[PDB]
Amino acid sequence: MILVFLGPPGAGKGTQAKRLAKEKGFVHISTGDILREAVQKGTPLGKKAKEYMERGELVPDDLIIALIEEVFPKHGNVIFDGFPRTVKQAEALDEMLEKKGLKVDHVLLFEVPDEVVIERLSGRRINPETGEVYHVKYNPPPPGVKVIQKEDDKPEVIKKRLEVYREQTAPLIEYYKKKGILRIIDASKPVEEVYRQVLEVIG
Ligand SMILES: Nc1ncnc2c1ncn2[C@@H]1O[C@H](COP(=O)(O)OP(=O)(O)O)[C@@H](O)[C@H]1O
Ligand SMILES: Nc1ncnc2c1ncn2[C@@H]1O[C@H](COP(=O)(O)OP(=O)(O)O)[C@@H](O)[C@H]1O
């Protein structure tokens, strides 16, 4: 089974992807996590991607398409989490999979109002070393676990990221709807309730 998680930044896609991958045996492909690793390592991809990420912009399509070609699991279940982010990326994904006799089975849209998004992101804290994600209100980190607020989770960059999402990424909703594979998730609910709905729509 191949899944795509789609929706505004802060919707809880990474949180649910980690949960589903671990419980139901999926390979979790997070372009965000993979890019952040590239940046930390100072690879050619990382050095180029860094400036876009810092500004809240999307990394150029060709870079991301190449990355996915490089890391796509040949066999097994996959969750694409944060990819595709543009129509060109979605078209490239369809082409890649078709060459392998595969397809995207379900696209889950994590629906959540802008106001909730802003609250999710502004309160997001991460463990810089493990990438583990917390929320100052909804899932506070234990004391003694060192967390930070990501620079791209500050008000100005959140605003940009949501604008970029609406312009470039939201059209994927209609792209996938017309393939018949879109399922709707109310991502505004608490974490366990959202997870139950994720299990429901793919079962
Ligand atoms: N598929 C992609 N295409 C282009 N850029 C991407 C992609 N995935 C991640 N990025 C870059 O990494 C940043 C963080 O991505 P991600 O971790 O998916 O988002 P979020 O902060 O909403 O969880 C994005 O704002 C963008 O700069
Ligand atoms: N259902 C939920 N209710 C409340 N907070 C959540 C929920 N899901 C995730 N969060 C918190 O919201 C923030 C964004 O979650 P994340 O998984 O990083 O979203 P995305 O990957 O869609 O950008 C994080 O701080 C996370 O702890």
# chains A, B, ... in the order shown; residues from 1 in each chain; ligands from 1

call {"tool": "residues_around", "arguments": {"residues": "residue 84 of chain A", "least_positions_apart": "6", "cutoff": "9 Å", "atoms": "only C-alpha atoms", "output": "ChimeraX atom specification"}}
result
/A:4-6,31,64-65,90-93,169,172

call {"tool": "write_last_selection", "arguments": {"atoms": "N, CA, C and O atoms", "output": "CSV table (one decimal), in the first residue's frame"}}
result
chain,number,residue,atom,x,y,z
A,4,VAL,N,-0.3,8.9,0.5
A,4,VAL,CA,0.2,10.2,0.5
A,4,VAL,C,-0.6,11.0,1.6
A,4,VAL,O,-1.8,10.9,1.6
A,5,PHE,N,0.1,11.7,2.5
A,5,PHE,CA,-0.5,12.6,3.5
A,5,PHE,C,-0.4,14.0,3.0
A,5,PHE,O,0.7,14.5,2.7
A,6,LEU,N,-1.5,14.7,2.8
A,6,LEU,CA,-1.6,16.0,2.3
A,6,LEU,C,-2.3,16.9,3.3
A,6,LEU,O,-3.2,16.5,4.0
A,31,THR,N,10.0,14.1,3.3
A,31,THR,CA,10.9,15.0,2.6
A,31,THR,C,11.5,16.0,3.6
A,31,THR,O,12.7,16.4,3.5
A,64,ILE,N,13.8,17.7,-5.4
A,64,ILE,CA,12.9,16.9,-4.7
A,64,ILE,C,12.6,15.6,-5.4
A,64,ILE,O,12.5,14.5,-4.8
A,65,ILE,N,12.3,15.7,-6.7
A,65,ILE,CA,12.0,14.6,-7.6
A,65,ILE,C,13.2,13.6,-7.6
A,65,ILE,O,13.1,12.4,-7.5
A,90,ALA,N,3.7,15.7,-8.1
A,90,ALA,CA,2.7,14.6,-8.2
A,90,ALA,C,2.7,13.9,-9.5
A,90,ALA,O,2.5,12.7,-9.6
A,91,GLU,N,2.9,14.7,-10.6
A,91,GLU,CA,3.0,14.1,-11.9
A,91,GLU,C,4.2,13.2,-12.0
A,91,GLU,O,4.1,12.1,-12.6
A,92,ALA,N,5.3,13.6,-11.4
A,92,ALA,CA,6.6,12.8,-11.5
A,92,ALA,C,6.4,11.6,-10.6
A,92,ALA,O,6.8,10.5,-11.0
A,93,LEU,N,5.7,11.7,-9.5
A,93,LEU,CA,5.4,10.5,-8.7
A,93,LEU,C,4.6,9.5,-9.4
A,93,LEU,O,4.9,8.3,-9.4
A,169,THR,N,0.4,24.0,-3.2
A,169,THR,CA,0.1,22.6,-2.7
A,169,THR,C,-1.4,22.2,-2.6
A,169,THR,O,-1.7,21.1,-3.0
A,172,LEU,N,-3.3,20.1,-5.2
A,172,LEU,CA,-3.2,18.7,-5.2
A,172,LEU,C,-4.4,18.0,-4.7
A,172,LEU,O,-4.7,16.8,-5.0

call {"tool": "residues_around", "arguments": {"residues": "segment 156-162 of chain A", "least_positions_apart": "4", "cutoff": "7 Å", "atoms": "only C-alpha atoms", "output": "PyMOL selection string"}}
result
chain A and resi 8-9+55-57+152+166

call {"tool": "residues_near_ligand", "arguments": {"ligand": "ligand 1", "cutoff": "8 Å", "atoms": "only C-alpha atoms and all ligand atoms", "output": "JSON, numbers by chain"}}
result
{"A": [8, 9, 10, 11, 12, 13, 14, 30, 31, 32, 33, 35, 36, 49, 50, 52, 53, 54, 55, 56, 57, 58, 59, 60, 61, 64, 81, 82, 83, 84, 85, 86, 89, 121, 152, 153, 161]}

call {"tool": "atom_distance", "arguments": {"atom1": "atom 6 (C, counted along the ligand's line) of ligand 2", "atom2": "atom CA of residue 195 of chain A"}}
result
11.2 Å

call {"tool": "residues_around", "arguments": {"residues": "residue 202 of chain A", "least_positions_apart": "5", "cutoff": "9 Å", "atoms": "only C-alpha atoms", "output": "JSON, numbers by chain"}}
result
{"A": [3, 105, 106, 108, 183, 197]}

call {"tool": "write_last_selection", "arguments": {"atoms": "N, CA and C atoms", "output": "short mmCIF file (atom, residue, chain, number, x, y, z; two decimals), in the first residue's frame"}}
result
data_model
loop_
_atom_site.label_atom_id
_atom_site.label_comp_id
_atom_site.auth_asym_id
_atom_site.auth_seq_id
_atom_site.Cartn_x
_atom_site.Cartn_y
_atom_site.Cartn_z
N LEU A 3 0.63 5.39 0.46
CA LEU A 3 -0.20 6.49 0.95
C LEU A 3 0.50 7.83 0.77
N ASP A 105 -2.27 4.50 -3.58
CA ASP A 105 -3.53 3.84 -3.24
C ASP A 105 -4.55 4.78 -2.61
N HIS A 106 -4.09 5.62 -1.69
CA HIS A 106 -4.98 6.57 -1.02
C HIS A 106 -4.23 7.84 -0.71
N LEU A 108 -4.66 10.99 1.83
CA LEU A 108 -5.43 11.46 2.97
C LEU A 108 -5.22 12.95 3.13
N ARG A 183 -9.27 10.80 0.41
CA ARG A 183 -10.09 10.61 1.61
C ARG A 183 -9.88 11.79 2.54
N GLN A 197 -9.35 7.75 12.69
CA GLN A 197 -9.93 8.04 11.39
C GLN A 197 -8.99 7.66 10.25
#

call {"tool": "residues_around", "arguments": {"residues": "residue 26 of chain A", "least_positions_apart": "6", "cutoff": "12 Å", "atoms": "only C-alpha atoms", "output": "list in words"}}
result
residues 1, 2, 3, 4, 16, 17, 18, 19, 20, 73, 75, 76, 77, 78, 79, 80 and 81 of chain A

call {"tool": "atom_distance", "arguments": {"atom1": "atom CA of residue 180 of chain A", "atom2": "atom CA of residue 192 of chain A"}}
result
26.6 Å

call {"tool": "atom_distance", "arguments": {"atom1": "atom CA of residue 144 of chain A", "atom2": "atom 11 (C, counted along the ligand's line) of ligand 2"}}
result
19.7 Å

call {"tool": "select_by_dssp", "arguments": {"residues": "segment 3-196 of chain A", "states": "helix (DSSP H, G or I)", "output": "JSON, numbers by chain"}}
result
{"A": [13, 14, 15, 16, 17, 18, 19, 20, 21, 22, 23, 24, 31, 32, 33, 34, 35, 36, 37, 38, 39, 40, 41, 44, 45, 46, 47, 48, 49, 50, 51, 52, 53, 54, 55, 61, 62, 63, 64, 65, 66, 67, 68, 69, 70, 71, 87, 88, 89, 90, 91, 92, 93, 94, 95, 96, 97, 98, 99, 114, 115, 116, 117, 118, 119, 120, 121, 122, 151, 152, 153, 155, 156, 157, 158, 159, 160, 161, 162, 163, 164, 165, 166, 167, 168, 169, 171, 172, 173, 174, 175, 176, 177, 191, 192, 193, 194, 195, 196]}

call {"tool": "select_by_dssp", "arguments": {"residues": "segment 68-155 of chain A", "states": "strand (DSSP E)", "output": "ChimeraX atom specification"}}
result
/A:78-81,106-111,124-126,133-135

call {"tool": "write_last_selection", "arguments": {"atoms": "N, CA, C and O atoms", "output": "mmCIF file, in the first residue's frame"}}
result
data_model
loop_
_atom_site.group_PDB
_atom_site.id
_atom_site.type_symbol
_atom_site.label_atom_id
_atom_site.label_comp_id
_atom_site.auth_asym_id
_atom_site.auth_seq_id
_atom_site.Cartn_x
_atom_site.Cartn_y
_atom_site.Cartn_z
ATOM 1 N N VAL A 78 4.428 2.185 1.901
ATOM 2 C CA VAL A 78 5.090 3.485 1.994
ATOM 3 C C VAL A 78 4.104 4.578 2.363
ATOM 4 O O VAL A 78 2.994 4.603 1.841
ATOM 5 N N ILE A 79 4.514 5.470 3.263
ATOM 6 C CA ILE A 79 3.793 6.719 3.488
ATOM 7 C C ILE A 79 4.668 7.862 3.007
ATOM 8 O O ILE A 79 5.756 8.076 3.543
ATOM 9 N N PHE A 80 4.191 8.583 1.991
ATOM 10 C CA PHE A 80 4.827 9.820 1.560
ATOM 11 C C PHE A 80 4.226 10.949 2.379
ATOM 12 O O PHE A 80 3.022 11.196 2.338
ATOM 13 N N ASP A 81 5.082 11.616 3.135
ATOM 14 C CA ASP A 81 4.654 12.574 4.131
ATOM 15 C C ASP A 81 5.360 13.887 3.841
ATOM 16 O O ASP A 81 6.524 14.066 4.185
ATOM 17 N N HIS A 106 -4.089 5.621 -1.690
ATOM 18 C CA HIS A 106 -4.980 6.567 -1.025
ATOM 19 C C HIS A 106 -4.227 7.837 -0.715
ATOM 20 O O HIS A 106 -3.058 7.796 -0.330
ATOM 21 N N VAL A 107 -4.900 8.969 -0.881
ATOM 22 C CA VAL A 107 -4.364 10.247 -0.451
ATOM 23 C C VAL A 107 -5.250 10.757 0.661
ATOM 24 O O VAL A 107 -6.458 10.908 0.477
ATOM 25 N N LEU A 108 -4.658 10.990 1.827
ATOM 26 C CA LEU A 108 -5.428 11.456 2.974
ATOM 27 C C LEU A 108 -5.217 12.948 3.127
ATOM 28 O O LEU A 108 -4.081 13.404 3.285
ATOM 29 N N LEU A 109 -6.316 13.697 3.070
ATOM 30 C CA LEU A 109 -6.275 15.143 3.263
ATOM 31 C C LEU A 109 -6.569 15.467 4.724
ATOM 32 O O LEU A 109 -7.651 15.183 5.241
ATOM 33 N N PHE A 110 -5.584 16.052 5.387
ATOM 34 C CA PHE A 110 -5.711 16.443 6.781
ATOM 35 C C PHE A 110 -6.286 17.857 6.874
ATOM 36 O O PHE A 110 -5.550 18.846 6.795
ATOM 37 N N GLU A 111 -7.608 17.943 6.998
ATOM 38 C CA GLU A 111 -8.299 19.231 7.012
ATOM 39 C C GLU A 111 -8.263 19.866 8.388
ATOM 40 O O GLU A 111 -8.552 19.219 9.388
ATOM 41 N N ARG A 124 4.689 24.466 18.429
ATOM 42 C CA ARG A 124 5.495 23.301 18.105
ATOM 43 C C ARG A 124 6.907 23.446 18.662
ATOM 44 O O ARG A 124 7.536 24.497 18.538
ATOM 45 N N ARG A 125 7.393 22.385 19.291
ATOM 46 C CA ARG A 125 8.762 22.341 19.770
ATOM 47 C C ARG A 125 9.336 21.017 19.327
ATOM 48 O O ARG A 125 8.623 20.011 19.292
ATOM 49 N N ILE A 126 10.612 21.009 18.966
ATOM 50 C CA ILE A 126 11.235 19.763 18.553
ATOM 51 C C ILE A 126 12.507 19.479 19.330
ATOM 52 O O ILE A 126 13.211 20.393 19.751
ATOM 53 N N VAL A 133 8.731 15.542 17.917
ATOM 54 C CA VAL A 133 7.902 16.730 17.895
ATOM 55 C C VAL A 133 6.964 16.780 19.092
ATOM 56 O O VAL A 133 6.349 15.778 19.458
ATOM 57 N N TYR A 134 6.885 17.957 19.705
ATOM 58 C CA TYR A 134 6.040 18.190 20.865
ATOM 59 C C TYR A 134 5.199 19.434 20.631
ATOM 60 O O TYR A 134 5.393 20.140 19.642
ATOM 61 N N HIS A 135 4.271 19.708 21.543
ATOM 62 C CA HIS A 135 3.507 20.950 21.495
ATOM 63 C C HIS A 135 3.369 21.508 22.907
ATOM 64 O O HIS A 135 2.988 20.782 23.822
#

call {"tool": "closest_residue", "arguments": {"among": "A:68, A:201, A:29, A:38", "to": "ligand 2", "atoms": "only C-alpha atoms and all ligand atoms"}}
result
A:29

call {"tool": "closest_residue", "arguments": {"among": "A:88, A:103, A:41, A:22", "to": "residue 62 of chain A", "atoms": "only C-alpha atoms"}}
result
A:88

call {"tool": "closest_residue", "arguments": {"among": "A:193, A:94, A:186, A:200", "to": "residue 113 of chain A", "atoms": "only C-alpha atoms"}}
result
A:186
